[PDB]
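Chemist: experimental structure and sequence below, a few questions after.
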Amino acid sequence: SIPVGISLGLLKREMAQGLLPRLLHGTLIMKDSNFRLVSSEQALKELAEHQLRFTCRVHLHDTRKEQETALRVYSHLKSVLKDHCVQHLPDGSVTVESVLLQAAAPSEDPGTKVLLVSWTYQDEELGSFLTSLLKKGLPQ
Amino acid sequence: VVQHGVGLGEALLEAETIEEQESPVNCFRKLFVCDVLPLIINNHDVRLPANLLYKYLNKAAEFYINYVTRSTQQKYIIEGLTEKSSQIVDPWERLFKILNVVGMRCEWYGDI
């Protein structure tokens, strides 16, 4: 086996959410002729940064009230999806890792309804499914 | 709603407003705000002025905001009240939905 050093924070976070179907994602830095596995934040801290994200604004096919577009669309996470953390807020939004859906007014661009769908590559499943079913999957 | 259906929501709203407690430890008032208010909003059979419904919604929103801000007593029952009675789910969001419903029935992160 390969002797490697894993950061304490990442190691603790492994079972912080993976104690009960789980995965471990990290970046290995083979720097200074030694192997040091760390999370992405410590990878940035080590030393060329250029962040790439998804914050797409899919032109919503659903043409209904403002309430329907904003306060009804955003509850599409708990349908069948899994391995997603749950945090409750009175205000109303779904904040699971790099996910935010309550963007702005329902139609600012002179077209159909526009809503910002945001996700990253580790949570690509939720954002991809949302964008797919919001492109044409919610007709009137 | 045959004997008295119009005053079902009215009595609950009056009790909640008269309570005037920052911490929603009252079982009856919290349970009434959670259950009777959605039923009152859904029930269009009883004819009441829009002002009364708006005032009831505002009182419910104030109680929900006070409950959220005040310290409660993991998801479990409170030390003094039952879990079902004192439970409030999404206070600001439920209040906003109730206000929108009332406005509809009253003759019409960085989101806002």
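Modeler: Yep, that arrived. Numbering: from 1, shown residues only, chains lettered A, B, ... in the order given.
Chemist: and the residue of chain A that's closest to chain B?
Modeler: Of all residues in chain A, residue A:92 sits closest to chain B, at 3.5 Å by CB to the nearest CB. In short, each C-beta sits where N, CA and C put it, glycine included.
Chemist: how about the residues of chain A by chain B?
Modeler: Residues of chain A lying close to chain B by CB under 8 Å from any CB of the partner chain are A:67, A:70-71, A:88-93, A:95, A:100, A:102-105.
Chemist: selection in ChimeraX covering whichever of those residues are buried, please.
Modeler: Entered in ChimeraX, the line below selects the buried ones among the residues of chain A next to chain B, by 16 or more other CB atoms under 10 Å in any protein chain shown:
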select /A:70,71,90,92,100,102,103
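Chemist: now the two most distant members of the residues of chain A next to chain B.
Modeler: Greatest spacing in these, by CB to CB: A:88 and A:105 (25.2 Å).
Chemist: would you confirm that the residue of chain A closest to chain B contacts residue B:95?
Modeler: No - counting by CB atoms under 8 Å, no contact exists between residue A:92 and residue B:95, whose distance comes to 9.8 Å.
Chemist: buried set for stretch B:53-70?
Modeler: For stretch B:53-70, the neighbour count (16+ other CB under 10 Å) marks B:53, B:56, B:57, B:58, B:59, B:60, B:61, B:63, B:64, B:67, B:68 as buried.
Chemist: how about the residues of chain B that lie near chain A?
Modeler: For chain B, the contact set with chain A under CB under 8 Å from any CB comprises B:64-65, B:68, B:90-93, B:96-97, B:100, B:109-111.
Chemist: residues contacting residue B:20?
Modeler: Applying CB atoms under 8 Å, 6 or more residues apart in numbering or on different chains to residue B:20 gives no contacts.
Chemist: same question for residue A:139.
Modeler: Contacts of residue A:139 by CB under 8 Å, 6+ apart are A:61, A:62.
Chemist: number of residues surrounding residue 96?
Modeler: Using chain A. Residues lying near residue A:96 (other CB atoms under 10 Å in any protein chain shown) number 15.
Chemist: wrong one, I was asking about chain B
Modeler: 18.
Chemist: and it, how close does it get to residue A:73?
Modeler: Applying CB to CB, to the nearest Å, the value for residue B:96 to residue A:73 is 15 Å.
Chemist: buried sites along stretch B:73-91?
Modeler: Applying a neighbour-count criterion of 16+ other CB under 10 Å, one finds B:78, B:81, B:85, B:86, B:87, B:88, B:90, B:91 buried in stretch B:73-91.
Chemist: check the residues you listed and tell me the two furthest apart.
Modeler: By the measure CB to CB, B:81 and B:90 form the most distant pair in the buried residues of stretch B:73-91, at 19.1 Å.
Chemist: residue A:25 against residue A:122, yeah?
Modeler: Yes - taking CB under 8 Å as the definition, residue A:25 is a contact partner of residue A:122 at 6.0 Å.
Chemist: centroid-wise, who is the farthest residue in chain A?
Modeler: residue A:33 (34.0 Å; CA atoms, centre = their mean).
Chemist: how about the contacts made by that residue?
Modeler: Neighbouring residues of residue A:33 by CB under 8 Å, 6+ apart: there are none.
Chemist: now swap in residue B:64 and tell me
Modeler: Applying CB under 8 Å, 6+ apart, the residues contacting residue B:64 are A:90, B:24, B:33, B:88, B:91, B:92, B:94, B:95.
Chemist: element containing the closest residue to the fifth one other than its chain neighbours?
Modeler: When you say that, I think you mean residue B:91. Spatial nearest neighbour of residue B:91, chain neighbours left out: residue B:64 (3.4 Å); criterion: CB to CB, 6 or more residues apart in numbering or on different chains. In this structure, residue B:64 is located in helix B:50-69 according to DSSP states H and E.
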